[PDB]
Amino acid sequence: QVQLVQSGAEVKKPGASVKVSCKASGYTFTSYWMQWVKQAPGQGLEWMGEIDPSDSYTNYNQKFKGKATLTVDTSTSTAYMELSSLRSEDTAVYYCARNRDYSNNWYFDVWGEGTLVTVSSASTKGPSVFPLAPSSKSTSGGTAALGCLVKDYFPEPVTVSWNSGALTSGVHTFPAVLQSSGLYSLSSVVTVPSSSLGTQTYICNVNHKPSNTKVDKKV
């Protein structure tokens, strides 16, 4: 059917530049304009600019002019947005969406899955896991809580299983947080009845693809 395909997420050092691809299919690429939207993490959607693939005319949000550059390749039916002089601010998911007209009103009906661009000078380093020992003699109640600490790592994402994919209840993997060290940090917990604490062997499985770090800790 009709759909748009964007290149994969990328990590680049500040002051550098990136070219994001958005190849269309399922329709006559030159028959529609392409819209580029940016979504900073946690923030909302922000229109960047537009391009007419037939004659190559562009129009940018007065604030992204001279930072982003739109181009198309009719031969391969692909749009291209280039960001240059990257900075921390430039960290966001970038979306390309197909344009559509209805009585002068322009709305975007088909969106690409988006491309994440992370601007950091960190280095693709592996994660460390420091057990979050349950209790210190707190029992009294019925339920207990444990957890694993994945301190310092880069980039995202990281996988955190428990007792090898067969333990899904109570699990609570929290979103990673970026430290000033430029590195990341995440935590994973598994609520478990105290009566099992002594009869069960809990092991949180971590899997960081970037640095190929598979760590198995027994809490």
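All residue numbers are counted from 1 along the displayed sequence.
Note on 110-118 vs 135-143: mean CA B-factor is higher in 135-143. Once the C-alpha B-factors are averaged per stretch, 49-57 and 176-184 rank with 49-57 first. Which of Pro155, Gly26, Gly170, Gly44 has the largest Cα B-factor in the deposited entry comes down to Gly170. Among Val192, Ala40, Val150, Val37, the highest C-alpha B-factor in the deposited entry belongs to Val192. The deposited CA B-factor of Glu89 belongs to the highest third of values across its chain.
Ranked against the other modelled residues of its chain, the C-alpha B-factor of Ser161 as given in the entry falls in the highest third.
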